[PDB]
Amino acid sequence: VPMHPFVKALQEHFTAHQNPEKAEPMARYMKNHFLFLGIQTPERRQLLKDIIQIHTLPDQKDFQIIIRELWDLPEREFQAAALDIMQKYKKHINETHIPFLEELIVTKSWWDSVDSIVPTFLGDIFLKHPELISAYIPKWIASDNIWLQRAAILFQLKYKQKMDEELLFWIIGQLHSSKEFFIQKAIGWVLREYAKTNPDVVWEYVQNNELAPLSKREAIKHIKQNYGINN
């Protein structure tokens, strides 16, 4: 069975505009976990738009197929384009897609893909269906996979006043002893972000609960101005 023609067309068009000179630093930035074609986001977006204009966006019946086929291509720009394409099918994504999104998180995993899946696609799903959080979050925290652990921390990133504080702090408590940078930093990020909504609660939490030094420092990067730094 041949590659979906939309994916084949995207692959041809991206490859025709590859930049090996830019690809080397782009790959280094991701610690050489991936090959790159060397195409940065503004051009990558336009090349995708070109193919949509010529071929049209595929029927929704092929949405998951398109994403998987792009996920399986070696160069990282194809996963970035896959995420761009998933946004175009946003109105068709629902709670039944959580396992599909899980599988994207744990394949070709790095912060650039995971941080574009979790606070947006998964965040929106669990905002609408909070009763499903406990069907996934405990497993993610218990898993050996640091990207599922990061997903548990960051899916509420953008919730603002809809933040479940008890849940957030319970999740952070479960993961606060992790020595993994991407967990310590995720804890720092979600606390820093939620502090924009409720600084008093974040300040009290970080002053009175154990956190990795990196997590605490990132959490209070801004709000330490509001409370001061005691001698």
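The term rigid core refers to the maximal set of C-alpha atoms that superpose within 1.5 Å between the two forms. Each residue number is its position in the shown sequence, starting from 1.
A.B. asks: If the other structures are each fit on the rigid core, which stretch ends up farther away in C-alpha terms in 8 other deposited structures of this protein, 6-14 or 218-226?
C.D. replies: The answer is 218-226, which departs more from the shown form in 8 other deposited structures of this protein.
A.B. asks: Do the C-alpha atoms of 50-58 or of 23-31 have the higher average B factor in the entry?
C.D. replies: Taking the mean B-factor of the alpha carbons in each, 50-58 is higher.
A.B. asks: Taking the mean of the C-alpha B-factors per stretch from the entry, tell me the winner out of 160-168 and 187-195.
C.D. replies: Averaging CA B-factors over each stretch, the winner is 160-168.
A.B. asks: Among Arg150, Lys128, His97, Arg76, which residue carries the highest C-alpha B-factor recorded in the PDB entry?
C.D. replies: Answer, based on the entry's C-alpha B-factors: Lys128.
A.B. asks: Looking at the entry's B-factor column for C-alpha atoms only, identify whether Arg45 ranks in the lowest, middle or highest third of its chain.
C.D. replies: Highest third, going by the recorded CA B-factors of the chain.
A.B. asks: Going by what the PDB entry lists, where does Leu122 fall on CA B-factor within its chain: lowest, middle or highest third?
C.D. replies: Middle third by C-alpha B-factor.
A.B. asks: Please place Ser215 in the lowest, middle or highest third of its chain according to the CA B-factor in the PDB entry.
C.D. replies: Answer is middle: the recorded C-alpha B-factor places it there.
A.B. asks: Considering only modelled residues of the same chain, in which third does the CA B-factor of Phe36 rank: lowest, middle or highest?
C.D. replies: According to the entry, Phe36 has a C-alpha B-factor in the chain's lowest third.
A.B. asks: By the recorded C-alpha temperature factor, relative to the other modelled residues in its chain, which third is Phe181 in?
C.D. replies: Middle third by C-alpha B-factor.
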